[PDB]
file run-v1.pdb (PDB, C-alpha atoms)
MODEL        1
ATOM      1  CA  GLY A   1      94.135 122.514  98.485
ATOM      2  CA  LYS A   2      92.994 119.029  99.493
ATOM      3  CA  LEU A   3      95.653 116.363  99.102
ATOM      4  CA  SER A   4      94.747 113.228  97.189
ATOM      5  CA  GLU A   5      94.518 110.114  99.353
ATOM      6  CA  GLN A   6      97.965 108.987  98.158
ATOM      7  CA  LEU A   7      99.534 112.379  98.874
ATOM      8  CA  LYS A   8      97.859 112.492 102.265
ATOM      9  CA  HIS A   9      99.567 109.179 102.940
ATOM     10  CA  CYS A  10     102.870 110.723 101.807
ATOM     11  CA  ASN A  11     102.266 113.711 104.121
ATOM     12  CA  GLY A  12     101.971 111.218 107.001
ATOM     13  CA  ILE A  13     105.290 109.690 106.014
ATOM     14  CA  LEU A  14     106.888 113.106 105.975
ATOM     15  CA  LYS A  15     105.546 113.834 109.468
ATOM     16  CA  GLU A  16     107.009 110.539 110.656
ATOM     17  CA  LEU A  17     110.407 111.275 109.132
ATOM     18  CA  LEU A  18     110.440 114.654 110.906
ATOM     19  CA  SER A  19     109.276 113.246 114.252
ATOM     20  CA  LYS A  20     111.417 113.028 117.389
ATOM     21  CA  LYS A  21     111.462 109.228 117.244
ATOM     22  CA  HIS A  22     113.968 109.390 114.364
ATOM     23  CA  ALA A  23     115.824 112.577 115.321
ATOM     24  CA  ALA A  24     119.097 110.851 116.275
ATOM     25  CA  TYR A  25     119.619 109.864 112.600
ATOM     26  CA  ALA A  26     117.275 112.219 110.719
ATOM     27  CA  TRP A  27     118.951 115.513 111.730
ATOM     28  CA  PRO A  28     121.467 115.725 108.837
ATOM     29  CA  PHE A  29     118.471 115.758 106.475
ATOM     30  CA  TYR A  30     116.407 118.487 108.084
ATOM     31  CA  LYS A  31     117.846 121.434 106.109
ATOM     32  CA  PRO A  32     119.788 121.731 102.866
ATOM     33  CA  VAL A  33     123.305 120.425 103.026
ATOM     34  CA  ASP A  34     125.630 123.264 104.055
ATOM     35  CA  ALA A  35     128.718 122.271 102.073
ATOM     36  CA  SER A  36     130.973 124.931 103.467
ATOM     37  CA  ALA A  37     129.963 124.166 107.093
ATOM     38  CA  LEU A  38     130.593 120.450 106.521
ATOM     39  CA  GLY A  39     133.775 120.930 104.568
ATOM     40  CA  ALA A  40     132.223 118.995 101.740
ATOM     41  CA  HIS A  41     134.664 119.852  99.014
ATOM     42  CA  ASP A  42     133.035 120.155  95.539
ATOM     43  CA  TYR A  43     129.657 119.058  96.921
ATOM     44  CA  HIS A  44     127.728 121.212  94.403
ATOM     45  CA  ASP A  45     129.800 119.970  91.487
ATOM     46  CA  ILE A  46     129.138 116.304  92.335
ATOM     47  CA  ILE A  47     125.538 116.817  93.486
ATOM     48  CA  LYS A  48     123.682 118.715  90.772
ATOM     49  CA  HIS A  49     120.259 118.415  92.355
ATOM     50  CA  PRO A  50     120.307 118.885  96.139
ATOM     51  CA  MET A  51     117.349 117.754  98.211
ATOM     52  CA  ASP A  52     116.391 117.619 101.880
ATOM     53  CA  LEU A  53     113.383 117.307 104.173
ATOM     54  CA  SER A  54     112.679 121.031 104.534
ATOM     55  CA  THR A  55     112.341 121.262 100.759
ATOM     56  CA  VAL A  56     110.017 118.184 100.591
ATOM     57  CA  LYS A  57     108.000 119.725 103.455
ATOM     58  CA  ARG A  58     107.712 123.090 101.699
ATOM     59  CA  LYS A  59     106.576 121.449  98.461
ATOM     60  CA  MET A  60     104.000 119.407 100.366
ATOM     61  CA  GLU A  61     102.678 122.366 102.373
ATOM     62  CA  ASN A  62     102.466 124.489  99.247
ATOM     63  CA  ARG A  63     100.548 121.685  97.459
ATOM     64  CA  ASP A  64     103.179 121.487  94.711
ATOM     65  CA  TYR A  65     103.351 117.687  94.378
ATOM     66  CA  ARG A  66     101.180 116.339  91.569
ATOM     67  CA  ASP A  67     101.444 112.701  92.643
ATOM     68  CA  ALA A  68     103.046 110.378  95.096
ATOM     69  CA  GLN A  69     105.756 109.282  92.703
ATOM     70  CA  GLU A  70     107.094 112.839  92.663
ATOM     71  CA  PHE A  71     107.307 112.790  96.470
ATOM     72  CA  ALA A  72     109.108 109.457  96.443
ATOM     73  CA  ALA A  73     111.494 110.723  93.754
ATOM     74  CA  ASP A  74     112.494 113.679  95.927
ATOM     75  CA  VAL A  75     112.978 111.589  99.075
ATOM     76  CA  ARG A  76     115.039 109.017  97.140
ATOM     77  CA  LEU A  77     117.074 111.847  95.590
ATOM     78  CA  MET A  78     117.875 113.109  99.072
ATOM     79  CA  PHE A  79     119.230 109.696 100.110
ATOM     80  CA  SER A  80     120.946 109.027  96.801
ATOM     81  CA  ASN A  81     122.864 112.332  96.949
ATOM     82  CA  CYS A  82     124.140 111.306 100.382
ATOM     83  CA  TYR A  83     125.267 107.894  99.151
ATOM     84  CA  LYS A  84     126.733 109.377  95.996
ATOM     85  CA  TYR A  85     128.905 111.900  97.788
ATOM     86  CA  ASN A  86     130.180 109.934 100.721
ATOM     87  CA  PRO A  87     132.169 106.763 101.271
ATOM     88  CA  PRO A  88     130.363 103.659 102.481
ATOM     89  CA  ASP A  89     131.702 103.759 106.042
ATOM     90  CA  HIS A  90     130.663 107.358 106.685
ATOM     91  CA  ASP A  91     128.416 107.900 109.702
ATOM     92  CA  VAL A  92     125.953 109.909 107.558
ATOM     93  CA  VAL A  93     125.468 106.995 105.154
ATOM     94  CA  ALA A  94     124.456 104.802 108.147
ATOM     95  CA  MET A  95     122.009 107.495 109.243
ATOM     96  CA  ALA A  96     120.599 107.795 105.716
ATOM     97  CA  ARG A  97     119.988 104.054 105.572
ATOM     98  CA  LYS A  98     118.153 104.023 108.936
ATOM     99  CA  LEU A  99     115.874 106.834 107.745
ATOM    100  CA  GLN A 100     115.381 105.356 104.291
ATOM    101  CA  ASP A 101     114.175 102.146 105.853
ATOM    102  CA  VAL A 102     111.402 104.107 107.536
ATOM    103  CA  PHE A 103     110.527 105.797 104.249
ATOM    104  CA  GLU A 104     110.570 102.759 101.986
ATOM    105  CA  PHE A 105     108.485 100.639 104.283
ATOM    106  CA  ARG A 106     105.789 103.287 104.874
ATOM    107  CA  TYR A 107     105.751 104.295 101.199
ATOM    108  CA  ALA A 108     105.054 100.703 100.275
ATOM    109  CA  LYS A 109     101.919 100.824 102.439
ATOM    110  CA  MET A 110     100.401 103.597 100.333
ATOM    111  CA  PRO A 111      96.751 102.938  99.405
ATOM    112  CA  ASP A 112      96.213 102.057  95.720
TER     113      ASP A 112
ENDMDL
END

call {"tool": "encode", "arguments": {"input": "run-v1.pdb", "output": "structure tokens"}}
result
Amino acid sequence: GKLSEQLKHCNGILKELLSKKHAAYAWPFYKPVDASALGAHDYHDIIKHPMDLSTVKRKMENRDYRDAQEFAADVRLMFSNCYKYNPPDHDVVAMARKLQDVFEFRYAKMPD
């Protein structure tokens, strides 16, 4: 029930990533990628392990993370799938990078 101090820190990061301050570049990450809606041909063949913020949020709220490294692994997977699928000049890759900079910096500030 009670998050560890490290996971509480991670829950703060999640709240920040979902906050209106970042909404102009965070929105593609709010729900699972809808490959048909985006015309992302073969998305689910190339990306074997989809991830997004609603899934990280559900895992956090259900107290399913066992440690902070698992949280970071999911958030990094979300960004990596984006980079993996898309070309470097795609608008979504720029948005991913802006959001990942928020993540990586705040994650680094996690209490030992």

call {"tool": "closest_residue", "arguments": {"input": "run-v1.pdb", "among": "A:65, A:79, A:85, A:105", "to": "residue 44 of chain A", "atoms": "all atoms listed in the file"}}
result
A:85

call {"tool": "resolve_selection", "arguments": {"input": "run-v1.pdb", "expression": "the PyMOL selection byres ((chain A and resi 57) around 12)", "output": "PyMOL selection string"}}
result
chain A and resi 10-18+29-32+51-56+58-65+71+74-75

call {"tool": "atom_distance", "arguments": {"input": "run-v1.pdb", "atom1": "atom CA of residue 35 of chain A", "atom2": "atom CA of residue 47 of chain A"}}
result
10.7 Å

call {"tool": "closest_residue", "arguments": {"input": "run-v1.pdb", "among": "A:8, A:66, A:41, A:22", "to": "residue 97 of chain A", "atoms": "all atoms listed in the file"}}
result
A:22

call {"tool": "resolve_selection", "arguments": {"input": "run-v1.pdb", "expression": "the PyMOL selection byres ((chain A and resi 68) around 7)", "output": "ChimeraX atom specification"}}
result
/A:6-7,10,67,69-72

call {"tool": "axis_aligned_box", "arguments": {"input": "run-v1.pdb", "around": "segment 39-58 of chain A", "padding_each_side": "6 Å", "output": "JSON"}}
result
{"center_x": 121.2, "center_y": 119.7, "center_z": 97.7, "size_x": 39.0, "size_y": 18.8, "size_z": 25.8}

call {"tool": "atom_distance", "arguments": {"input": "run-v1.pdb", "atom1": "atom CA of residue 80 of chain A", "atom2": "atom CA of residue 104 of chain A"}}
result
13.2 Å

call {"tool": "closest_residue", "arguments": {"input": "run-v1.pdb", "among": "A:111, A:103, A:45, A:28", "to": "residue 91 of chain A", "atoms": "only C-alpha atoms"}}
result
A:28

call {"tool": "atom_distance", "arguments": {"input": "run-v1.pdb", "atom1": "atom CA of residue 102 of chain A", "atom2": "atom CA of residue 38 of chain A"}}
result
25.2 Å

call {"tool": "closest_residue", "arguments": {"input": "run-v1.pdb", "among": "A:46, A:84, A:110, A:92", "to": "residue 24 of chain A", "atoms": "only C-alpha atoms"}}
result
A:92

call {"tool": "closest_residue", "arguments": {"input": "run-v1.pdb", "among": "A:100, A:4, A:36, A:19", "to": "residue 83 of chain A", "atoms": "only C-alpha atoms"}}
result
A:100

call {"tool": "closest_residue", "arguments": {"input": "run-v1.pdb", "among": "A:23, A:78, A:37, A:3", "to": "residue 50 of chain A", "atoms": "all atoms listed in the file"}}
result
A:78
